[PDB]
């Protein structure tokens, strides 16, 4: 099988999805790592809504373009559970849920699933449509399915990323 960098390179953003549904067996594997993931203080504030049926897909579609993906997971963070930093009041809500989302997205990739991470949504429409209580904030939508065209190349990053030297320095800025 592939090593981690090969997996990380293979993953790309898919916006062209087949009709084909995600097999229950693959969805369950994707979910398992949402639990295995670490969270600040082990607080486990992540709250997931698995969406693969028509009403929910339509509800998400009121808030975002989900590109006819056959499966979406709405990842919320529970601010009643999350750790809060004493110095400045910063809450780990986005961090914890993103670790969870990233773990899912990598696991989905291993299983041959295409995906795209979606933050371009109207959070108010999501709150209303899914009747979210005040303590749950919708953070990420992860879409998954089967690519309908040609996957992006695992060696594209020379063209799609800035050089490493532009994001890393040593000891000081």
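Residue numbers count along the first chain shown, from 1.
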{"item": "Stretch with the higher entry mean CA B-factor, where the candidates are 47-55 and 113-121", "value": "47-55"}
{"item": "Of 147-155 and 7-15, the stretch whose C-alpha atoms average the higher B-factor in the entry", "value": "147-155"}
{"item": "Highest-ranked of 34, 139, 105, 132 once sorted by CA temperature factor in the record", "value": "132"}
{"item": "CA B-factor placement of residue 30, once the chain's modelled residues are sorted into thirds", "value": "middle"}
{"item": "Residue 80 - Cα temperature factor, lowest/middle/highest third of chain", "value": "highest"}
{"item": "Residue 65 CA temperature factor, ranked by third within the chain", "value": "lowest"}
